[PDB]
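Notes for the one structure printed next.
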Ligand SMILES: *[C@@H]1O[C@H](CO)[C@@H](O[C@@H]2O[C@H](CO)[C@@H](O[C@@H]3O[C@H](CO[C@H]4O[C@H](CO)[C@@H](O)[C@H](O[C@H]5O[C@H](CO)[C@@H](O)[C@H](O)[C@@H]5O[C@H]5O[C@H](CO)[C@@H](O)[C@H](O)[C@@H]5O)[C@@H]4O)[C@@H](O)[C@H](O[C@H]4O[C@H](CO)[C@@H](O)[C@H](O)[C@@H]4O[C@H]4O[C@H](CO)[C@@H](O)[C@H](O)[C@@H]4O)[C@@H]3O)[C@H](O)[C@H]2NC(C)=O)[C@H](O)[C@H]1NC(C)=O
Ligand SMILES: O=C1c2cnc(N[C@@H]3Cc4ccc(Cl)cc4C3)nc2CN1C1COC1
Ligand SMILES: [Ca+2]
Ligand SMILES: [Ca+2]
Ligand SMILES: [Cl-]
Ligand code: NA
Ligand code: NA
Ligand SMILES: [Zn+2]
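Residue numbers (mature numbering (1 follows the signal peptide of the UniProt record, and there is no 0)): 24 to 436, 441 to 546, 549 to 564, 590 to 858.
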């Protein structure tokens, strides 16, 4: 109930929301059906439109007018945005030469540069180039300010997930808005775009920027606008708030446009009908910038132009139907479209089996336009699993396609020509970032980055301490002229042991054998120097990783590689090796095929054993440093040490062997040498974070050898590939992956073919940021470079995407 009998007299777009049953006059009252009777009359004036004309200049103030051209309007803070242009012979902001803003130029009483976020729905990255002719205001922001060629959204590339990620710095799995549509089984409640449940506070986790601001005594404008409030009125409301007295005036504001998404859905991303939407957004930006210029704030305010996601070509004819795969289609609920989420229709149906559904949806049709996953098997880069609102069964849908349950769902609902929601590495899903103002750099291009990073920066721009989030604070310092955040490197928690030779061969009863009984003062001292780390400078280029948790581990040095060996997990946390452009691949000799060798530096009781692998009929083993890249026949024996061995399913060993035999050398050839750090990952609770030992659900049978969920590699080289990896003077280049350790290759529909036709495709799907691996391992990499720390943070957030 609302008592709509109150009045918005003097309360229009009030910042403090009053509570029921008192009637509301804020920019959301409409969305709750709660506005006072007179809100439209007083607050949504339209008379005479949005522009001054010659004839209105110096008019008698008529309070019925939507905006004013009277002499008192600047002082009232309610001129039309073009008032000074039409009436005072000023120029439009866009017509002004762009001049560097070295310092804030703010009116008296402004404590800090205000931040205005100009957010645009469905604004595809390539619109900045392809639409440049019809977007002069936006192109001046872009060219004179700081811009990225694109910004990467989060998965799924839907509106509420991405806007709330922008607001919080969190992955959707953490903030709780994991889709446009959701069922929470704990609440027994459904979130939808239509209706009132979505307003319930229990859906919305984390702490959005407007709350972070308020709590730290920075006042905020309200970020959400009721759909019926026209854009011109949104802009005028913002400009009015900026004329409030200092004690009352917000420091942070958001504008939102439903365009170009709205038209994009109807016409497709590049439909001829898309030009006018882009012109209209640009005019709105023009209005803002002209309005700021009038208020003398155009060289004071920091303005962010940012999108939530892009737009792809999608038609009703490109729909896959689960009814063409499942017999049992009526026993499931599907969340459909550009992703699929599947659960049981009834929790009383005990005949529901996810295993049988996945199998019926796996590599069934030659050109199949979706791939089923258990959510914990999704690429770790998507960070899309650790929430009860994310169904166990997920369908990754190919770009340009939809999935639906049955055909009748499509036509008893072609209409639409665009959609979004796909994998966030897809080029069509990428969106835009521009920053303009005193705190941003001048005419600066920055590399693409992820929208999870922005919250931190908005906090920096406002002098706020960010709530804990999934950004890496300092990774975007290169966007900023001032207000940079200068972090220290985390302190190492666990110092390594450096074991010498402590055990005789006969002390080991591992059930391993090696044909290595083959016998020199010249070379005898040489191998001693290798085991004490005489080659470690070559193989450990950026310092040893720091272990950021309490554990017991040993540094082991070798001719060709160095490792940090966990006495707890009985395997390396990391193995580091450098492969030059000139390096030769060799085979595993016939006589050494099944060779495993005790490591006389490590006690039997902290070693793996071969008998456990013999008895475990499902589990085999591989090596972290590859025997194929041994520098000499004698050095190759090091590669068969029990301390280099890790558990691997035979199916995964196909993937691993091809990576180690073919791809590493390929990358060294292409990149002028590479440094590789490989190791295991344990994430059995799919939270993106390093497991403790008590969270491991699977061991090699009859043993305490824990089974990794994933294997990682970090592959670093010189950005200037005219320098070799091991003698790089300048910035680095990295690519990484986190490969799921699976007992089958069902994910790869062409896996019965040669590894040359599918393995590298798998690895590209499982591309990762170094930062992803840090979370999953509790390691901190790149501790000892000649690079600034902020630059290294940027490197650690880089994702190699493999798009054109
Ligand atoms: C991305 O960044 C985020 C933010 O930094 C990272 O997420 C954090 O990770 C931490 C570890 O997983 C986690 O810390 C825990 O906090 C528990 C209390 O959490 C509440 O309080 C915070 C602060 O206000 C709040 O933000 C939380 O919000 C979550 O939950 C609500 C609803 O419940 C949602 O509205 C919201 O979206 C959010 O959901 C997400 O997080 C939860 C986890 O809390 C997930 O389950 C969801 O799926 C979703 O992802 C909470 O309201 C605290 O209780 C924990 O302490 C336990 O563990 C320690 C271990 O030492 C132990 O000593 C304690 O005893 C305790 O265990 C006890 O409870 C166990 C389980 O009930 C039980 O088994 C034991 O026997 C014990 O009784 C812990 O400290 C933090 O909550 C989140 N924060 C957020 C915002 O998500 C995230 O990791 C980053 N991602 C990556 C990849 O890096
Ligand atoms: O009706 C609306 C609506 C209204 N206002 C908004 N404001 C945006 C929320 C937000 C968050 C972070 C940042 Cl940095 C800027 C902004 C501004 N957003 C929306 C989204 N939406 C529906 C269309 O898809 C859901
Ligand atoms: Ca959107
Ligand atoms: Ca974990
Ligand atoms: Cl969804
Ligand atoms: Na075996
Ligand atoms: Na297969
Ligand atoms: Zn949309």
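For every residue, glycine included, the Cβ atom is placed at its ideal position computed from N, Cα and C.
With respect to the beta strand (DSSP E) encompassing residue i, which residues constitute its N-terminal and C-terminal limits?
{"i": "residue 89", "result": "Premise fails: residue 89 is in no beta strand (DSSP E) and is neither H nor E."}
{"i": "residue 364", "result": "362-367"}
{"i": "residue 735", "result": "728-735"}
{"i": "residue 276", "result": "275-283"}
{"i": "residue 205", "result": "205-207"}
{"i": "residue 632", "result": "625-633"}
{"i": "residue 214", "result": "212-214"}
{"i": "residue 396", "result": "393-397"}
{"i": "residue 243", "result": "Careful: residue 243 lies outside any beta strand (DSSP E) and carries neither H nor E."}
{"i": "residue 325", "result": "325-330"}
{"i": "residue 434", "result": "It is not in any beta strand (DSSP E) - residue 434 instead sits in the alpha helix (DSSP H) that spans 431-434."}
{"i": "residue 619", "result": "616-620"}
Beta carbon of residue i, beta carbon of residue j: below 7 angstroms?
{"i": "residue 706", "j": "residue 820", "result": "no"}
{"i": "residue 751", "j": "residue 738", "result": "yes"}
{"i": "residue 207", "j": "residue 34", "result": "no"}
{"i": "residue 508", "j": "residue 466", "result": "yes"}
{"i": "residue 90", "j": "residue 110", "result": "no"}
{"i": "residue 729", "j": "residue 778", "result": "no"}
{"i": "residue 839", "j": "residue 596", "result": "yes"}
{"i": "residue 312", "j": "residue 116", "result": "yes"}
{"i": "residue 193", "j": "residue 504", "result": "no"}
{"i": "residue 811", "j": "residue 856", "result": "no"}
{"i": "residue 240", "j": "residue 198", "result": "no"}
{"i": "residue 262", "j": "residue 463", "result": "no"}
{"i": "residue 50", "j": "residue 233", "result": "no"}
{"i": "residue 609", "j": "residue 525", "result": "yes"}
{"i": "residue 174", "j": "residue 458", "result": "yes"}
{"i": "residue 375", "j": "residue 367", "result": "yes"}
{"i": "residue 802", "j": "residue 767", "result": "no"}
{"i": "residue 455", "j": "residue 343", "result": "no"}
{"i": "residue 19", "j": "residue 602", "result": "No statement about residue 19 is possible, as the shown extent of the chain runs from 24 to 858 and does not include it."}
{"i": "residue 658", "j": "residue 535", "result": "yes"}
{"i": "residue 669", "j": "residue 756", "result": "yes"}
Name the two residues that bound the continuous alpha helix (DSSP H) containing residue i.
{"i": "residue 3", "result": "There is no way to answer for residue 3, as the model of the chain reaches only from 24 to 858."}
{"i": "residue 261", "result": "254-264"}
{"i": "residue 850", "result": "843-851"}
{"i": "residue 380", "result": "377-383"}
{"i": "residue 722", "result": "718-725"}
{"i": "residue 299", "result": "298-317"}
{"i": "residue 37", "result": "No alpha helix (DSSP H) holds residue 37; DSSP gives it neither H nor E."}
{"i": "residue 529", "result": "Per DSSP, residue 529 belongs to no alpha helix (DSSP H) and is neither H nor E."}
{"i": "residue 427", "result": "Residue 427 -> not in any alpha helix (DSSP H); beta strand (DSSP E) instead, spanning 425-427."}
{"i": "residue 552", "result": "550-560"}
Can you give the beta carbon distance from residue i to residue j, rounded, assuming they're within the 8 angstroms contact cut?
{"i": "residue 460", "j": "residue 420", "result": "Their Cβ separation, rounded to whole angstroms, is 26 angstroms, which puts residue 460 and residue 420 out of contact at 8 angstroms."}
{"i": "residue 723", "j": "residue 614", "result": "No, residue 723 and residue 614 are not in contact; Cβ-Cβ is about 18 angstroms, not under 8 angstroms."}
{"i": "residue 337", "j": "residue 446", "result": "4 angstroms"}
{"i": "residue 380", "j": "residue 416", "result": "6 angstroms"}
{"i": "residue 299", "j": "residue 138", "result": "In fact, because the Cβ distance is near 29 angstroms, the residues do not count as touching under 8 angstroms."}
{"i": "residue 701", "j": "residue 762", "result": "7 angstroms"}
{"i": "residue 323", "j": "residue 441", "result": "Actually they are not in contact, since the Cβ atoms of residue 323 and residue 441 sit about 49 angstroms apart, beyond 8 angstroms."}
{"i": "residue 104", "j": "residue 444", "result": "Actually they do not touch by this definition, with Cβ atoms about 33 angstroms apart."}
{"i": "residue 61", "j": "residue 30", "result": "5 angstroms"}
How about residue i: is its C-beta nearer than 7 angstroms to some C-beta of chain B?
{"i": "residue 555", "result": "The structure shown contains no chain B; it holds only a single protein chain."}
Worksheet item: Where in the stretch 757-840 do unbroken runs of the alpha helix (DSSP H), each at least 4 residues long, occur, reported from the N-terminal end onward?
Response: 813-819, 824-831
Fill in: Sequence ranges, beta strand (DSSP E) only - wholly within the stretch 103-183, length at least 3
138-144, 169-175
Worksheet item: Quick one: complete beta strand (DSSP E) runs, 3+ long, within the stretch 643-684?
Response: 674-677
Item to complete: Mind listing which residues have their beta carbon within less than 6 angstroms of any non-hydrogen atom of ligand 3? Chain order is fine.
Response: 144, 145, 182, 284, 331, 332
Practice prompt. Specify which residues have a beta carbon nearer than 5 angstroms to any heavy atom of ligand 5, listing them in chain order.
Written response: 202, 203, 204
Worksheet entry | Residues passing the C-beta test against ligand 4 heavy atoms, cut-off 5 angstroms | 737, 739, 741, 743, 745
Worksheet entry | Distance cut 5 angstroms, beta-carbon to ligand 2 heavy atom: residue list by chain order | Those satisfying the condition are, in chain order, 140, 142, 182, 186, 189, 190, 246, 247, 248, 277, 279.
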